[PDB]
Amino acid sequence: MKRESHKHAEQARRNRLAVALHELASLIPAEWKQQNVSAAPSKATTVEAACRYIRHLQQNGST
C-alpha cells in the first residue's frame, strides 16, 4: 500500500506549501509583517500581512 511512499510523498507535498509560503514573507517587501500582533513568523500571520502588501498594492484610483 503506497502510503509507504505517500509519506515520503505527502511530505514533499506538505513541504511545497512551505518553500513557497516561506518565500512569500521572504520578500514581502511590506516589512510591517515584522511589526505587529504577529504571534508567529511561519504561517497564518505572515500570510495575513502577506495579503496586506498586496492589499495596499491593490489601491487603484489615485487622486
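Numbers follow the displayed sequence, beginning with 1.
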{"item": "Mean C-alpha B-factor comparison - 13 to 21 and 36 to 44, higher one", "value": "36 to 44"}
{"item": "Residue 7, C-alpha B-factor rank within chain (lowest, middle or highest third)", "value": "lowest"}
{"item": "Residue 63 CA temperature factor, ranked by third within the chain", "value": "lowest"}
{"item": "Residue 28 - Cα temperature factor, lowest/middle/highest third of chain", "value": "middle"}
